[PDB]
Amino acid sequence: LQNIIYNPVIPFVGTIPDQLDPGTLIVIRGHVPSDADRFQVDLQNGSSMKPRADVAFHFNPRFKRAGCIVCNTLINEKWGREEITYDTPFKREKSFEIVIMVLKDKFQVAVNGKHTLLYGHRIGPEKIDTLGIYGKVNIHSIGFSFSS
């Protein structure tokens, strides 16, 4: 595991230094502030703002009501079909560790050691070169364990 950054200012946008081949792990440690409505981790094809970079995997915990996680893909500035997970491990004022495991056909995400969700690839993961973190969240570290 090689961290590309510790204690980043949010929003954070950084280049991923190698390809997300099957078997790659992405590890993100952080904490949800007590007033958060949402945050997201986006695996992107570049960092353009105008027009907005494609988002292969948008991982979006939301804290209203019972809480949920929304996952989606942005292609050519259009969102696709939301996949919503209602069994969410995130909570306001609680710390987490996210592990994203890149498989051949999907991502598999676990939080605090416990399986959270799966998300099938809609953009080839080879096209991902950038990681962004947005919203109301405190991040301790972002790192990669590359299968290369």
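The first residue of the shown sequence is 1; numbering continues from there.
For the pair 58-66 and 22-30, the mean Cα B-factor is higher in 58-66. Judged by mean Cα B factor in the deposited record, 88-96 ranks above the other of 39-47 and 88-96. For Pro125, the recorded CA B-factor ranks within the middle third of the chain. Only modelled residues enter the ranking. In the deposited entry, the Cα temperature factor of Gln108 places it in the lowest third of its chain's modelled residues. Per the PDB record, residue ranking by Cα B-factor puts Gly14 in the lowest third of the chain.
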